[PDB]
RNA sequence: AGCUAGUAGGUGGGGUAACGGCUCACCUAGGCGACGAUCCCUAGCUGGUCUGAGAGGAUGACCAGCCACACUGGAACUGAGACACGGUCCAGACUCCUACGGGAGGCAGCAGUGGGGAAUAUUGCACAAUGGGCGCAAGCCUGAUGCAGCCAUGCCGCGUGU
RNA sequence: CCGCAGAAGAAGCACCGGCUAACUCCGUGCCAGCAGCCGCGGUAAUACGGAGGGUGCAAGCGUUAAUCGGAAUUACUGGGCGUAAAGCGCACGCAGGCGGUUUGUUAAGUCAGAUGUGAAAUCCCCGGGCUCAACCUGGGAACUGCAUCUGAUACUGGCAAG
RNA sequence: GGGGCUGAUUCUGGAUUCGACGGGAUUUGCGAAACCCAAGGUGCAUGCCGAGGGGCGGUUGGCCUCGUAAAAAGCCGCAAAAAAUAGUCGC
Ligand SMILES: C/C=C\C=C\[C@@H]1O[C@](O)([C@H](CC)C(=O)NC/C=C\C=C(/C)[C@@H](OC)[C@@H](C)[C@@H]2O[C@H](/C=C/C=C/C=C(\C)C(=O)c3c(O)cc[nH]c3=O)[C@H](O)[C@@H]2O)[C@H](O)[C@H](O)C1(C)C
Ligand SMILES: Nc1nc2c(ncn2[C@@H]2O[C@H](COP(=O)(O)OP(=O)(O)O)[C@@H](O)[C@H]2O)c(=O)[nH]1
Ligand SMILES: [Mg+2]
Ligand SMILES: [Mg+2]
Ligand SMILES: [Mg+2]
Ligand SMILES: [Mg+2]
Ligand SMILES: [Mg+2]
Ligand SMILES: [Mg+2]
Ligand SMILES: [Mg+2]
Ligand SMILES: [Mg+2]
Ligand SMILES: [Mg+2]
């Protein structure tokens with residue numbers, strides 16, 4: 001189902017729809033089988049209706065033994081005109097960040113099940129920052145040694 | 001490796017690329033037997049004519065073997081069109097003559113088998129006139145070419161008339177093929193075409209010396225696909241005979257030390273050190289015509305992926321053109337930049353062949369190198 | 001492989017009277033030399049330990065022109081010998097032929113002395129040598145061959161030699177370009193700008 | 001955790017260049033073993049080398065002494081000196097040649113080739129010096145040896161400049 | 001070795017947050033990515049990629065493979081067993097280990113002296129020659145071992161007395 | 001060097017791929033580049049030059065310029081007597 005265990009354990013998905021994406025023959029024919037790496041896809045704002053970002057291509061042996069197929073290749077999300085400016089505004093002033101979740105199939109199209117997830121806050125690093133400050137203070141206070 | 005070869009009667013290469021199952025192997029075997037009697041896959045037999053020493057290459061006439069046949073004909077200095085006089089010209093023969101003209105074989109001699117299988121004196125003349133007309137229309141020489149009729153398998157049967165006929169055939173072959181030009185001016189260079197592994201001896205690489213000489217004990221450099229390395233030659237030989245130096249223009253086998261059969265493949269060149277460097281992209285001018293020079297008809301566009309055949313082998317390549325040409329429609333006398341996957345040691349002025357779908361599209365001459 | 005490259009930056013990295021270039025062209029604290037004032041100039045992070053010892057080893061090596069491996073070989077020989085390891089090491093460093101030429105004055109700089117020794121501008125006991133690592137024994141004489149006499153190279157070096165003080169063990173005449181090396185130096189005569197037991201501690205580590 | 005009955009010993013013969021169950025016939029029923037017998041796995045040993053202040057630990061690269069081996073195994077002869085490293089016989093595998101009547105072979109020697117590997121050499125020159133064996137001796141030969149080639153594989157020194 | 005034109009023909013690698021010698025910027029933004037550990041990297045990375053600049057070695061620099069050291073972390077020199085790992089559930093007892101006090105006698109353990117020996121090679125010390133060195137070589141010591149001859153009788157032990 | 005073989009989905013006998021790429025039928029809610037005239041006035045006007053001219057020093061008969069008679073002036077600037085940054089901040 002490609003549940004995206006990261007987005008499951010953190011910031012439960014809230015909104016999603018069904019759409020495909022554009023890709024070349026190199027990074028295709030393996031999503032039909034199912035192999036992929038779509039864990040925490042970092043989809044950000046793109047002028048072309050938020051082109052798909054973050055998720056890489058499956059490491060299946062379709063390589064020409066130079067690269068897998070494409071270390072970085074353009075991936076396009078699909079939306080007529082509904083979420084370019086609205087997505088920009090939501091990311092700016094709401095806290096909801098759209099990420100790709102799963103890869104469902106119409107038996108032909110590898111659908112981008114992008115989910116609009118909430119930006120969850122980082123863990124309290126207010127102990128390790130002080131630990132690092134004490135470490136650098138210890139490294140600096142070694143002056144009076146001859 | 002037990003005969004000390006004498007560099008007399010300069011080596012000349014003659015190749016039979018005649019019709020399939022029309023007696024090419026039988027003809028070359030008969031020629032060798034009659035010459036060795038009266039004088040005392042690519043099959044490379046040899047024979048010493050009183051005029052010049054010739055190496056006869058029986059090439060495969062099959063269409064699917066055209067890739068190695070390209071080197072066999074580029075290797076070749078004189079072509080022998082071996083065809084049956086009872087069937088006349090064939091599509092395979094036309095393809096072979098087109099390939100020979102595209103690779104640049106100057107001198108061609110036509111031989112008509114099954115002379116005695118026809119009890120007439122007009123059909124042989126009719127088929128000879130037909131093949132002569134074909135040559136004259138396909139940009140080949142004409143009435144100044146020795147045309148040879150006769151049986152190719154009875155030349156080995158006990159006779160005298162056909163033996164004299166085939167001796168006369170060898171005579172004008174050596175007459176019509178004069179002393180060829182050799183290019184021993186620049187440092188040594190030899191493109192590889194075949195690899196053998198001699199037990200107790202090592203790895204040997206076969207090919208026609210493009211330029212320069214090779215003395216026994218000389219250092220040479222392997223330059224080619226994915227690899228540029230160094231090595232040492234020990235025991236220059238030719239047709240299982242002892243040699244001292246290897247001139248340019250003859251097919252010889254050079255013994256290399258510290259060579260792996262799987263590591264060294266066909267396509268590379270044994271050059272003198274510091275002479276040539278492999279490249280993957282280079283600029284070249286193309287010479288395609290409008291429609292009647294192999295090139296396609298429809299106006300194709302960029303992204304074309306043809307095979308760029310070279311002295312040794314070929315590789316799929318991509319072409320990019322400067323601005324000012326929206327389309328790359330046939331009729332391309334312009335210059336463009338060709339990028340290849342496998343690097344091959346190349347120099348300016350190199351002539352390569354552009355092919356696709358089993359047919360030649362156009363020619364190209366290397367103009368500059370972009371590495 | 002003698003060191004080659006910048007020298008003022010090399011000296012200001014540590015900050016000492018290591019030695020300078022033979023020619024002088026405004027050698028002073030004009031604006032920024034070793035303790036650069038103005039808007040910056042952090043000179044010493046003040047490292048706790050083993051750092052000053054590493055700096056001492058490096059400054060010793062760059063002054064004498066010796067490499068790390070040869071310097072460690074000299075240290076091992078000094079430790080194997082009797083006496084004090086530091087003074088034995090300094091004795092070997094001074095007995096290196098290039099420093100002998102430099103302290104005799106025929107070498108304007110230590111690098112220049114090494115260059116001359118390599119180019120055979122020096123001879124020992126009436127025999128040429130082209131090794132800057134040769135060790136001279138006491139009561140010996142080292143001469144300059146007739147070919148090196150005509151060098152503005154050497155003329156400037158001998159001119160600059162007499163502006164400094166003179167050592168306890170070298171007596172050199174420039175009328176024949178010859179110097180007698182009588183005894184071996186000690187820590188008392190050697191410049192007291194470095195500590196030897198810290199270096200001993202470092203490579204004994 | 002038991003092993004061994006030619007096994008422990010003696011009496012005589014034979015055998016060995018010499019002692020001796022080495023072997024034979026008889027008799028005695030012992031011998032070895034908890035300090036590890038018997039059996040299994042691994043392993044060339046030593047002078048030495050590395051790491052260590054030391055006792056210790058690892059290992060046997062180069063070289064030297066000794067042992068064993070020469071496709072696997074068995075056996076004997078010549079020869080003072082072998083169960084023989086470029087002597088002989090035979091069983092087995094492999095390879096090669098044959099005229100298909102029948103024969104040859106064992107690079108763990110110098111090189112060199114195929115395979116393995118992270119990975120390692122030229123099918124050189126010379127008896128010029130030492131040594132080796134043969135010979136009145138000059139003199140023969142020696143892949144021992146010495147020199148040559150490649151590799152920065154390790155140590156040392158010099159140089160790219162003042 | 002002598003002459004010949006000209007520096008003219010000859011420098012790279014690793015690292016730069018603490019261990020450890022070395023600081024700034026740009027971009028990505030638990031992503032891409034570094035690493036031996038501590039541990040980094042969630043818009044401001046001296047730690048990631050690049051750039052600038054510094055440091056450590058240098059025709060050699062880093063990763064990996066194996067031994068020892070630090071590991072007193074198999075500890076005899078030189079650990080511990082109530083709660084961290086560790087006193088058998090308890091008792092008897094053989095082989096085994098040790099053993100109260102005094103005398104005599106044995107020389108076994110132990111100690112001393114002397115001899116031969118510990119191959120050469122190698123470590124080390126004093127010197128010498130290769131431009132010093134690497135390397136080679138002379139002499140010396142050492143190789144703490146082993147066996148033999150004679151003494152010592154305090155201690156452990158054999159024997160005889162209490 | 002050649003032969004066989006795998007290069008999606010039931011060898012797809014159709015996907016607007018709702019959004020990607022040159023641009024487009026259809027009506028227009030648009031002005032010259034989506035689509036022409038100059039239907040309100042306005043001649044100092046449709047429309048052309050071999051060409052000749054500034055404040056210290058040069059000039060691309062001109063990116064300045066004339067209704068082309070030969071004149072009213074732009075672009076570079078610090079080198080000299082110039083406004084040289086009165087030579088090097090004697091600025
Ligand atoms: C053929 C592939 C391999 C060749 C290898 C290389 O070719 C070459 O690079 C070569 C460069 C000259 C090359 O690229 N050849 C490879 C590629 C290019 C082809 C070359 C030459 C041509 O010119 C455009 C060549 C045919 C040319 O046509 C002229 C006359 C036309 C003949 C008729 C046939 C043709 C075509 C034709 O379409 C035709 C027709 O019109 C009527 C009926 N039926 C036909 O079928 C004349 O005969 C010239 O010879 C060099 O020869 C090298 O030495 C090489 C051997 C390494
Ligand atoms: N009757 C006849 N047969 C011929 C003659 N020349 C060749 N052949 C036949 O050609 C055959 C040899 O063909 P081959 O050379 O092996 O085929 P290729 O290598 O493709 O040309 C033989 O079996 C002959 O029977 C001829 O002059 N007369
Ligand atoms: Mg007996
Ligand atoms: Mg073994
Ligand atoms: Mg043999
Ligand atoms: Mg220890
Ligand atoms: Mg220990
Ligand atoms: Mg403990
Ligand atoms: Mg416990
Ligand atoms: Mg208890
Ligand atoms: Mg219990």
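Each answer follows from the model by the rule given with it, or from the source it names; these are not laboratory values. Quick reminder, even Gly has a Cβ in these numbers, built from the backbone with ideal geometry, and neighbours come from all protein chains shown.
In the stretch B:186-302, counting only strands (runs of 3 or more DSSP E) that sit wholly within it, the ones holding 1 or more residues that are within 25 Å of residue B:337 (Cα to Cα) and out of contact with any strand residue (DSSP E or B) (no Cβ under 8 Å at 6 or more places or on another chain) span B:227-233. In the stretch C:47-74, of all residues being in a loop (DSSP other than H, G, I, E, B) and surrounded by fewer than 19 Cβ atoms within 10 Å (Cβ to Cβ), the one that is nearest to the other protein chains (Cβ to nearest Cβ) corresponds to C:48. Scanning the stretch B:85-102 for residues that are more than 16 Å from RNA strand F (Cβ to nearest atom) and surrounded by fewer than 21 Cβ atoms within 10 Å (Cβ to Cβ) turns up B:86, B:87, B:88, B:89, B:90, B:91, B:94, B:98, B:101, B:102. Among residues of the stretch B:91-116 that are more than 14 Å from residue B:293 (Cα to Cα) and away from chain A (no Cβ under 14 Å), those with a beta-carbon under 8 Å from a residue that is near ligand 1 (Cβ under 9 Å from one of its atoms) and part of a loop (DSSP other than H, G, I, E, B) at least six positions away or on a different chain give the pairs B:94/B:138; B:97/B:138; B:97/B:140; B:108/B:140. For the stretch B:205-217, a residue qualifies if it is surrounded by fewer than 20 Cβ atoms within 10 Å (Cβ to Cβ) and over 18 Å from residue B:345 (Cα atoms), and the qualifying residues are B:213, B:215, B:216, B:217.
Conditions: (1) surrounded by fewer than 13 Cβ atoms within 10 Å (Cβ to Cβ); (2) assigned to a loop (DSSP other than H, G, I, E, B). Residue C:167 meets all but one. Number of the miss? Of the numbered conditions (1) surrounded by fewer than 13 Cβ atoms within 10 Å (Cβ to Cβ); (2) assigned to a loop (DSSP other than H, G, I, E, B), the odd one out for residue C:167 is (1). Scanning the stretch C:84-115 for residues that are part of a helix (DSSP H, G or I) and touching a strand residue (DSSP E or B) at 6+ places or on another chain (Cβ under 9 Å) returns C:92, C:95, C:97, C:100, C:101, C:103, C:104.
Under the condition of being over 14 Å from residue A:99 (Cα atoms) and surrounded by 13 or more Cβ atoms within 10 Å (Cβ to Cβ), the residues counted in the stretch A:30-47 number 5. With respect to (1) surrounded by fewer than 18 Cβ atoms within 10 Å (Cβ to Cβ); (2) under 29 Å from residue C:17 (Cβ atoms), the lone exception for residue C:149 is condition (2). Remark: residue C:130 falls outside the filter, which requires a residue to be away from RNA strand D (no atom under 11 Å from the Cβ), within 21 Å of residue C:180 (Cα to Cα) and either touching a helix residue (DSSP H, G or I) at 6+ places or on another chain (Cβ under 6 Å) or not assigned by CATH to the domain that holds residue C:56 (or both).
Looking only at the stretch B:181-202, count how many residues are more than 27 Å from residue B:26 (Cα to Cα) and surrounded by fewer than 19 Cβ atoms within 10 Å (Cβ to Cβ).
Total satisfying the criteria: 13.
Restricting attention to the stretch A:108-146, and to residues there that are assigned to a helix (DSSP H, G or I) and within 14 Å of chain C (Cβ to nearest Cβ), which single residue is nearest to residue A:40 (Cα to Cα)? Here the answer is A:136. Considered as a group, the residues in the stretch B:1-27 that are under 30 Å from residue B:87 (Cα atoms) and in a loop (DSSP other than H, G, I, E, B) include one that is nearest to the chain's Cα centre (by Cα), and that residue is B:17.
Would you pick out the residues in the stretch B:147-168 that are within 16 Å of residue B:18 (Cα to Cα) and either in contact with a strand residue (DSSP E or B) (Cβ under 6 Å, 6 or more places away or on another chain) or outside any loop (DSSP other than H, G, I, E, B) (or both)? Reasoning before the result, please.
Within the stretch B:147-168, the first condition is being within 16 Å of residue B:18 (Cα to Cα), and the residues that meet it are B:147-153.
Result: B:147, B:148, B:149, B:152.
Might you let me know whether the stretch C:81-94 holds any residue that is within 9 Å of RNA strand E (Cβ to nearest atom) and away from every other protein chain (no Cβ under 14 Å)? Checked against the condition, which is being within 9 Å of RNA strand E (Cβ to nearest atom) and away from every other protein chain (no Cβ under 14 Å), the stretch C:81-94 yields at least one hit. Filtering B:12, B:34, B:45, B:82 for residues that are in the same structural domain as residue B:118 (by CATH), within 22 Å of residue B:101 (Cα to Cα) and in contact with a helix residue (DSSP H, G or I) (Cβ under 7 Å, 6 or more places away or on another chain) leaves a single hit, B:82.
So which residues in the stretch A:48-92 are assigned to a helix (DSSP H, G or I) and surrounded by fewer than 17 Cβ atoms within 10 Å (Cβ to Cβ)?
A:84, A:85, A:86, A:88, A:89, A:90, A:92
Residues that are away from chain A (no Cβ under 14 Å), over 22 Å from residue C:67 (Cβ atoms) and surrounded by 11 or more Cβ atoms within 10 Å (Cβ to Cβ) within the stretch C:21-46 comprise C:22, C:27, C:32, C:33, C:34, C:35, C:36, listed in sequence order.
For the stretch B:324-346, a residue qualifies if it is under 15 Å from residue B:308 (Cβ atoms) and either within 16 Å of RNA strand E (Cβ to nearest atom) or part of a loop (DSSP other than H, G, I, E, B) (or both), and the qualifying residues are B:332, B:346.
Residue C:87 meets the conditions (1) crowded, with 22+ Cβ neighbours inside 10 Å; (2) within 17 Å of the chain's Cα centre (by Cα); (3) under 21 Å from residue C:191 (Cα atoms) in every case but one. The failed one is (1).
Would you check if residue B:303 is surrounded by fewer than 19 Cβ atoms within 10 Å (Cβ to Cβ), within 14 Å of another protein chain (Cβ to nearest Cβ) and more than 16 Å from RNA strand D (Cβ to nearest atom)? Judged against the criteria, residue B:303 is a match. Listed conditions (1) away from chain A (no Cβ under 14 Å); (2) touching a helix residue (DSSP H, G or I) at 6+ places or on another chain (Cβ under 9 Å) are all met by residue C:15, apart from (2).
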